[PDB]
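Working notes, structure below.
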Amino acid sequence: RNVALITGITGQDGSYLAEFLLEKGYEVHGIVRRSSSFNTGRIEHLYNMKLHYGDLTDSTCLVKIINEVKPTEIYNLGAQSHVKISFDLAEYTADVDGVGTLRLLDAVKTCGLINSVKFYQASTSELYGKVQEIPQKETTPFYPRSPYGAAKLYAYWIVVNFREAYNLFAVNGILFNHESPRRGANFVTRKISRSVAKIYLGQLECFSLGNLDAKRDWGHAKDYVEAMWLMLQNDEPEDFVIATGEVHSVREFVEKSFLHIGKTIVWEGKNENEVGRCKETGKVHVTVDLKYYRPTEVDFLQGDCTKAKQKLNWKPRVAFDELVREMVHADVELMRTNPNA
Amino acid sequence: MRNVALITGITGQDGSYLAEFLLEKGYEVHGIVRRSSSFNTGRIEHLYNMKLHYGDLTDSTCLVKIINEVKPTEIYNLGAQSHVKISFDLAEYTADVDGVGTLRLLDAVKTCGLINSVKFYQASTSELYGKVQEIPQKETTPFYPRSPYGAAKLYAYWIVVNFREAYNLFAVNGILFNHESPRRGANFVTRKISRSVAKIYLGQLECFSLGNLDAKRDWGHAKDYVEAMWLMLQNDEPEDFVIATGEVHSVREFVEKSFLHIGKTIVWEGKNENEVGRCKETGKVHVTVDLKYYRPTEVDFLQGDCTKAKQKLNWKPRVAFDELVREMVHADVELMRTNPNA
Amino acid sequence: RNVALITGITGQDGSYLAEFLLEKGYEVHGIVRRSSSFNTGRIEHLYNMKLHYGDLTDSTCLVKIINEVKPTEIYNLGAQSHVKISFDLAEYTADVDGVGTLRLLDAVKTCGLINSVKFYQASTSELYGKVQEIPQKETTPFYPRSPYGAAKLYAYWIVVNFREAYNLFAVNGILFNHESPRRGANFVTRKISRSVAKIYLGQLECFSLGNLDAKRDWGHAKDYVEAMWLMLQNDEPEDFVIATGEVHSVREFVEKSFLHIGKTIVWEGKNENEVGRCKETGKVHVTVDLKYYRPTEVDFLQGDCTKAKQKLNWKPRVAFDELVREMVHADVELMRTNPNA
Amino acid sequence: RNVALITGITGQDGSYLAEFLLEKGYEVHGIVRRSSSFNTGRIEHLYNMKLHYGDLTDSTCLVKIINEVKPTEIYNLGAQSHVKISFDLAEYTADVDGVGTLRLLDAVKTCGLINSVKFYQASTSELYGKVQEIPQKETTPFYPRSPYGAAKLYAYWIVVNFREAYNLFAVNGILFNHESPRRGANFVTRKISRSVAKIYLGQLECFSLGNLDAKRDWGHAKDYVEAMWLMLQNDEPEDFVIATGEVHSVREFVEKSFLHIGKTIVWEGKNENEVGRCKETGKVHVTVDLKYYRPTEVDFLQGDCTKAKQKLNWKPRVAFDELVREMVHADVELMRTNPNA
Ligand SMILES: NC(=O)c1ccc[n+]([C@@H]2O[C@H](COP(=O)([O-])OP(=O)(O)OC[C@H]3O[C@@H](n4cnc5c(N)ncnc54)[C@H](OP(=O)(O)O)[C@@H]3O)[C@@H](O)[C@H]2O)c1
Ligand SMILES: NC(=O)c1ccc[n+]([C@@H]2O[C@H](COP(=O)([O-])OP(=O)(O)OC[C@H]3O[C@@H](n4cnc5c(N)ncnc54)[C@H](OP(=O)(O)O)[C@@H]3O)[C@@H](O)[C@H]2O)c1
Ligand SMILES: NC(=O)c1ccc[n+]([C@@H]2O[C@H](COP(=O)([O-])OP(=O)(O)OC[C@H]3O[C@@H](n4cnc5c(N)ncnc54)[C@H](OP(=O)(O)O)[C@@H]3O)[C@@H](O)[C@H]2O)c1
Ligand SMILES: NC(=O)c1ccc[n+]([C@@H]2O[C@H](COP(=O)([O-])OP(=O)(O)OC[C@H]3O[C@@H](n4cnc5c(N)ncnc54)[C@H](OP(=O)(O)O)[C@@H]3O)[C@@H](O)[C@H]2O)c1
Ligand SMILES: Nc1nc2c(ncn2[C@@H]2O[C@H](COP(=O)(O)OP(=O)(O)O[C@H]3O[C@H](CO)[C@@H](F)[C@H](O)[C@@H]3O)[C@@H](O)[C@H]2O)c(=O)[nH]1
Ligand SMILES: Nc1nc2c(ncn2[C@@H]2O[C@H](COP(=O)(O)OP(=O)(O)O[C@H]3O[C@H](CO)[C@@H](F)[C@H](O)[C@@H]3O)[C@@H](O)[C@H]2O)c(=O)[nH]1
Ligand SMILES: Nc1nc2c(ncn2[C@@H]2O[C@H](COP(=O)(O)OP(=O)(O)O[C@H]3O[C@H](CO)[C@@H](F)[C@H](O)[C@@H]3O)[C@@H](O)[C@H]2O)c(=O)[nH]1
Ligand SMILES: Nc1nc2c(ncn2[C@@H]2O[C@H](COP(=O)(O)OP(=O)(O)O[C@H]3O[C@H](CO)[C@@H](F)[C@H](O)[C@@H]3O)[C@@H](O)[C@H]2O)c(=O)[nH]1
């Protein structure tokens, strides 16, 4: 009996995880939000899958769904997941990402599933924020730098407390940045791949970014959802960093993306006056706008996933260069078939 | 001089039409949009005078920030979990958004010192009449809600009344009866029918299932009804108004008329959950009934009397039921032809 | 098997209801709020009674408690019950009095008790607000005049919807004002009885009130909790007005209270300048202060409880004059024994 | 212009802080919860003080109050502060102690007071939970062990984020256990002092406790509220541990408390069968009950307040033995004057 409940099934990770579990013959249940528009674009090709209307702020819907489904595995991926937006939506973010995690854990307990459920929490490298060690591993102290980070920190610790207090098999995947062709359009990697694709097709000339010097450890969502499953296959409930260990700047992401459409970016100017110019044509394609900066930036992330390599035998398959290629190529195809986004 | 609107629910059916209507009048239009993991501004993307702000009706702080920054002259609270069937499984969220959310917005107006400068429109509803206590229903008909949606909207109606009476806020309840359009949510009955009929016409679908075929509704066009919202805020006195067509049709009639527009005459056979709708010309079944689409407490009949609005606002509906059905089926044929996955 | 769960057990009504049910051999459970101070003064003499920490805004505690207790009868008396305070606490009042009622109902459903629980909702004459009929009965249209009234109206209707949708035996007691020596100190009747008692004992000289012309139908809480029980003994779940049918002003309450300590109040002046003077001494004991007025006053309430008389055989035992006497007498004793009481 | 807003003014700390600030000529505002009973016992002797109805779960009331008062200093002491109760009230505790802190900070920002307010957060030694260093100081990593601890951790970090993001003068006082004659009756120290006082006066024979071997660093609330004020007088917004550095067991608190009424406790038995007998009379006065244990106990706390000593010149005046004496003596007087106190 293999029955998964995925919160956040409509998101990037949820959509890949649903595919991965379906291929293994799981019965997959997802919680979807009511919307005035179509909102199941990433999973519509899959309808073994059942969707249920719910929200992580509605305690009764969560108990009803868990009590009806009686899952063997719960993946809490549901969240207001955007860091910049969390500064203007601090309270909603706290209620969904922090308190919502508690609601789900409490529903497990309320439904008498404390000894049968395995629970995965979507923890995050944003917890390290202003990094206290380089690289960051499971024992690096946390230092959040946004309302999102603070809410995720609550979630991390309440999960730990349920494991310790009630012997719930509950784990924190401390996943570093992961991307894909299904990545939200207002995250930096997809913003770049979409804009580069549009420039290639003559639908756009120039776009603006924020902090070009931010550095990230970027992997592929499809690899990372497998690690989530492996953490629940472990005999003991343990927390794990999942990451590539390799660091690149936003600037490098831009450079590599443009090279895939035959353009070499050369930078000129500094800070908010910095521009990225195509060497071959002389045309400006990238500018900087201060409005995209965060009040408290996370400058640098680099994960050490030695523990996961040893215990889970997990290794990332997609490296940064192939990630950039796949994203630009996919968005060229997407924008060619349909110029409207 | 200064005409600045704040629309909650700007991404929805009504919000998108209201935004166009106000922009045409030279308003500066602000909208509150929810964060989503997917694109969610499809009904208003052609418009970007318009500024969008991330917010949620359950986050009191975001609402005060936005109202304090924008300082609107007009607020239209259209934001809601608006689906009645879904409200039975999302009762608490529905209460928090549709009921308490209305209070949050009113309180933000007061907190920001705008009680004497803002005109506030609340999206009230014929669902308030529920198990109807008079036929037709007018402003003085007693309410009798029949869902967690209806109950939440009733709270909202009364808290609006209380702000008007307590603090002299110009605040009004539009008691709007069902209104539809080509932008209507796909899981409301009218659009579900028009989309499914369009798909059948184009060979993309053979058959679809519905719930209670005997429900009766007063159906108008969203584009006409957003004008009434604006007129209620142009009034010298803050008054509540029923807005409706006065004409009643069944779900069954909506199905029949929709199919006639693609050259098919539906004839029904069987009863209750075994009832089917068959094309007379071909003998093929196109409509079945499934109990899962029924509501635990149905609203059987609505018919609005908008005499007060006719007299005071000079508002009259322009689109009648038959033209509404035609426009919806025709628009969804065009939509599904251009894109079979829409 | 007779097992009651009372929300609001620490309040006026809860304390009387708990005694009444205990006398009948019920197992009585109460939900009590955590407080930094002692808060069980009305029920401490009773500890068949079990208390549970909870709150009507905490969905998980309610499911846990209902699932553990498995009550046959639930009395939802828990509320922010003060009308004037509801104007400054509008949202909290909505969450507790409105949404809290839904949470309790949904917990009944979630726990599989929809066909075994009988549910009493504490509805109220405040629903009639700006009265549309005189007297008011079950069929009088509602017209709330406060955030409290609006929240209670939501609660009334969501109860009706659970009864109609799921065949829950759920009822609205539409109780008119009821008082006692245990009445909250900042309601008008108890404010008067305490202040009059203090004046009698030389602990106070004068106090201020708001609208002296408000008129109310006043009964005794001890009689009214019996009606709540009777409504759950009914074969069919029906809503009932409970009231005396007799109307008196705040001014009369003041006059009658002072007569019990040997003072005849004579009024002079109008509106906010009106004062109440003891005829025997010439001393001013009552003034008016605009801060005690409500933005939207409820001027007049008078209940017609014909339906309850016919179907429940309920009749009020304590009339207004005895209510005034009991309250002043009790507060004299209270303030004599303890001047800080 | 010195205007303080105290959330939690009715609690232990709030009541001492209010006195301390009033003595300095502050205008003091407090947020008080609506209650069905009298709940201002600790501050009634003070009414320069203005009280406002509010709740930390009602965002609108908090903005209204802050906008009206325009405080120069805010002390966020309001909380569901009981650790054992937090396990059954996990969600409410998260909403009040965690999200409530954010609501207050956001109201400061919304009201345009980011550059004029100094904000004190009531952080706590419970953040150290399963202690990662002994003694614990500002740089010891946190490890919460309850829903209370997890909620307070959110609050700690969201305060840090407002300081770093918007240059708000905002500080975390990391206060270790502090007690007084006004301590809540269900905390262990006051439970002991009240029960011992009752035994001395013949109002009780025996009481039950939980984990007798837990160890704590106990100081006096009156000393600790002064540190809160000093942290806001600092030129730079800094976080500080406040503690005695001296550790004692619950068992020692029992022994020392009984000594003060002329009784020597001698223990017999183990675990939940352990009892405490008066050596002089042979009578049993203490038993153990498993229901008082916590699912995830905090076994040991010991604070290092070196930083506060150096920068604030703060030193605790009351040591453990005098604290025990003051509490037992005060509760003897209290229970003698009023057996129901
Ligand atoms: N991608 C990364 O680099 C990364 C790294 C570490 C951790 N994380 C975290 O991992 C999880 C998955 O990331 P992602 O990239 O897949 O995020 P995403 O694409 O933004 O997806 C978010 C999902 O959560 C749902 N959601 C939002 N608010 C909700 C609510 N109130 N109730 C129920 N569901 C709600 C969204 O629904 P809608 O579709 O309706 O908006 C969506 O399905 C998130 O928790 C994220 O914070 C991400
Ligand atoms: N159509 C009718 O016949 C009718 C009749 C009377 C009254 N009403 C009411 O009138 C209004 C407009 O109806 P409609 O057909 O335009 O509804 P709709 O298409 O379902 O639009 C609902 C709007 O509310 C927003 N919303 C939902 N939850 C929200 C939250 N928590 N915070 C902020 N915004 C939120 C939606 O955002 P998303 O797009 O992100 O979901 C959407 O923009 C609603 O209040 C509805 O209940 C409708
Ligand atoms: N008295 C009347 O004339 C009258 C008439 C009609 C209806 N009502 C309604 O009938 C009920 C009983 O009236 P009453 O005079 O006994 O009221 P009351 O003395 O004010 O008692 C209210 C009770 O509700 C509890 N409570 C408040 N907030 C709560 C929360 N958030 N979670 C859980 N419990 C909470 C209170 O606890 P604390 O003690 O901790 O505050 C108290 O036990 C109330 O619902 C009231 O609104 C009263
Ligand atoms: N004492 C310690 O050893 C210690 C150490 C470190 C930190 N702390 C923290 O320091 C602060 C002061 O402690 P204390 O011993 O004075 O606590 P306490 O006596 O339990 O006082 C708690 C205060 O918070 C109020 N409160 C609770 N929930 C509230 C809500 N939802 N909205 C508004 N106010 C609310 C209480 O009101 P009611 O009176 O109505 O319940 C009370 O005034 C607390 O934040 C506590 O968690 C305590
Ligand atoms: N979104 C965005 N980011 C930009 C832009 N210009 C520069 N940046 C910088 O790129 C960097 C990456 O920003 P981003 O792509 O928006 O992702 P961020 O790191 O902020 O958050 C993502 O990864 C986290 C893992 O650490 C997850 F927890 C979280 O849920 C989410 O999936 C930042 O430093 C940002 O400041 C710009 O125009 N947009
Ligand atoms: N949605 C839906 N409704 C179905 C179906 N089969 C039959 N029906 C019936 O059609 C009728 C219409 O259902 P509907 O189109 O879903 O709209 P409903 O009347 O329930 O609510 C709409 O109109 C209200 C105005 O009265 C608004 F306040 C509300 O926000 C929303 O816009 C019902 O009687 C329903 O039971 C069916 O398959 N889907
Ligand atoms: N509390 C209070 N009320 C005052 C004062 N001076 C005059 N009044 C008037 O007395 C009248 C009675 O005020 P009251 O005693 O505060 O009770 P109110 O009628 O507002 O509410 C009580 O009864 C309701 C039943 O209809 C319950 F639902 C509700 O929960 C609560 O138990 C009002 O018209 C008020 O304006 C005064 O100084 N305090
Ligand atoms: N309350 C209580 N505690 C008991 C009992 N028997 C043994 N104990 C033990 O005493 C110890 C002290 O329990 P306590 O007196 O309940 O205080 P605790 O340390 O749990 O919490 C207090 O101090 C914290 C600082 O660390 C504050 F953050 C918090 O707000 C609060 O003021 C525990 O180990 C407990 O298990 C007993 O019967 N009741």
Side-chain angles (χ1 to χ4, degrees), chain A residues 7-15 31-33 35 39 54-58 76-82 92 95-97 100 122-126 148 152 173-179 182-184 187 221 224, chain B residues 34-38 40 80 82-85 125-127 147 149-150 153 176-180 185 187-192 209-213 215-217 251 290 293-295 298-300 302, chain D residues 79 81-84 124-126 128 146 148-149 152 175-179 184 186-191 208-212 214-216 250 289 292-294 297-299 301:
Chain A
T7 75
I9 197 166
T10 57
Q12 174 183 250
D13 289 9
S15 72
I31 306 189
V32 302
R33 290 198 295 169
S35 180
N39 72 343
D55 198 291
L56 283 158
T57 68
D58 183 311
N76 183 38
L77 314 184
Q80 196 306 90
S81 75
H82 201 278
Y92 179 80
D95 196 40
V96 178
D97 303 11
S123 280
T124 171
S125 52
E126 282 308 283
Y148 167 85
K152 286 291 189 168
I174 306 160
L175 272 55
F176 282 64
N177 296 57
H178 48 281
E179 329 291 300
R182 303 179 195 177
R183 183 58 142 152
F187 299 98
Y224 285 37
Chain B
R34 289 201 293 170
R35 191 270 159 164
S36 180
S37 83
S38 298
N40 73 342
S82 76
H83 201 279
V84 172
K85 170 66 180 186
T125 171
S126 51
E127 282 307 283
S147 62
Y149 168 89
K153 285 289 185 169
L176 272 54
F177 283 63
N178 295 56
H179 49 281
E180 330 290 300
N187 59 355
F188 299 98
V189 80
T190 57
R191 189 79 198 287
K192 176 175 178 178
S209 61
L210 284 171
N212 177 17
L213 298 165
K216 298 190 191 205
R217 291 288 180 282
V251 166
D290 189 327
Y293 296 118
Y294 281 58
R295 287 82 188 274
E298 179 63 280
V299 172
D300 294 325
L302 296 168
Chain D
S81 74
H82 202 279
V83 173
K84 170 64 179 186
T124 171
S125 51
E126 282 309 283
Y128 300 118
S146 62
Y148 168 85
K152 286 291 187 168
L175 272 54
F176 282 64
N177 297 55
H178 48 282
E179 330 290 300
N186 60 355
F187 299 98
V188 79
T189 57
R190 190 78 198 288
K191 180 181 175 169
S208 60
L209 284 169
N211 178 15
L212 298 166
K215 294 191 180 185
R216 290 289 180 281
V250 165
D289 191 325
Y292 296 116
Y293 282 59
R294 287 82 187 274
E297 175 64 282
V298 171
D299 295 323
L301 296 168

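Residue numbers start from 1 in every chain, and the chains themselves are labelled A, B, ... in the order their sequence lines are given, proteins ahead of strands. Read the numbers this way: they start at 1 and go in the same order the structure lists the ligands and their atoms.
Between B:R35 and ligand 1, at least one pair of N/O atoms sits closer than 3.5 Å. In terms of N/O distances under 3.5 Å, ligand 1 is not approached by A:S123. Residue A:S125 places no N or O, backbone or side chain, under 3.5 Å from any N or O of ligand 1. Considering both main-chain and side-chain atoms, A:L77 comes within under 3.5 Å of ligand 1 through a nitrogen or oxygen pair. Residue-to-ligand polar distances keep A:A122 apart from ligand 1: every N/O pair is separated by 3.5 Å or more.
Atom 5 (C) of ligand 1 has A:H178 CE1, 3.2 Å as its closest protein atom, hydrogens excluded (heavy atom only). Among protein heavy atoms, atom 27 (C) of ligand 1 sits closest to A:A79 O, 3.1 Å. Among all protein heavy atoms, the one lying closest to atom 40 (O) of ligand 1 is A:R33 NE, 2.9 Å. Protein heavy atom in closest approach to atom 41 (O) of ligand 1: B:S37 N, 2.8 Å. Distance from atom 32 (N) of ligand 1 to its nearest protein heavy atom, with residue and atom name: A:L56 N, 3.0 Å. Looking only at protein heavy atoms, the nearest one to atom 18 (P) of ligand 1 is A:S81 OG, 3.6 Å. Protein heavy atom in closest approach to atom 8 (N) of ligand 1: A:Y148 OH, 3.9 Å. From the protein, the heavy atom lying nearest to atom 39 (O) of ligand 1 is A:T10 OG1, 2.5 Å.
Distances from ligand 1 to the non-hydrogen atoms of A:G100 include no value under 4.0 Å. Note on ligand 1: A:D55 sits in its first shell, one or more heavy atoms being nearer than 4.0 Å. Contact analysis puts B:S36 in contact with ligand 1, with a non-hydrogen atom separation below 4.0 angstrom. Under the 4.0 angstrom criterion for non-hydrogen atoms, A:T7 is not in contact with ligand 1.
Residue contacts with ligand 1, taken as heavy atom pairs separated by less than 4.0 Å, involve A:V96 solely via side-chain atoms from C-beta onward. When non-hydrogen atoms are compared, ligand 1 lies under 4.0 Å from neither the backbone nor the side chain of A:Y224. The side chain of A:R183, and not its backbone, has at least one atom closer than 4.0 Å to an atom of ligand 1 (non-hydrogen atoms only; side chain from C-beta on). Here A:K152 has side-chain heavy atoms under 4.0 Å from ligand 1, and that is the only part of it that gets that close.
Nearest-residue assignment for atom 12 (C) of ligand 1 (options A:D58, A:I9, A:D13; heavy-atom criterion): A:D13.
A distance-only check finds no donor-acceptor pair linking the side chain of A:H82 to the backbone of A:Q80 [under 3.5 Å].
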N/O to N/O under 3.5 Å, ligand 6 against protein:
from	atom 1	to	atom 2	distance (Å)
ligand 6	1 (N)	B:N187	O	2.9
ligand 6	1 (N)	B:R295	NH2	3.2
ligand 6	3 (N)	B:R295	NH2	3.4
ligand 6	6 (N)	B:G211	N	2.8
ligand 6	15 (O)	B:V189	N	3.0
ligand 6	16 (O)	B:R295	NH2	3.0
ligand 6	19 (O)	B:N178	ND2	3.0
ligand 6	19 (O)	B:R217	NE	3.2
ligand 6	20 (O)	B:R295	NH1	2.8
ligand 6	23 (O)	B:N178	ND2	3.1
ligand 6	26 (O)	B:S126	OG	2.7
ligand 6	26 (O)	B:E127	OE2	2.9
ligand 6	26 (O)	B:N178	OD1	2.8
ligand 6	30 (O)	B:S82	O	2.7
ligand 6	30 (O)	B:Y149	OH	2.8
ligand 6	32 (O)	B:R184	NH1	3.1
ligand 6	32 (O)	B:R184	NH2	3.0
ligand 6	34 (O)	B:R217	NH2	3.0
ligand 6	34 (O)	B:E298	OE1	2.9
ligand 6	34 (O)	B:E298	OE2	3.2
ligand 6	36 (O)	B:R295	NE	3.4
ligand 6	36 (O)	B:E298	OE2	2.7
ligand 6	38 (O)	B:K192	NZ	2.7

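For the salt bridge (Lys or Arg N to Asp or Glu O under 4.0 Å) with B:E298, the qualifying choice from B:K216, B:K85, B:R217 is B:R217, the only one to do so.
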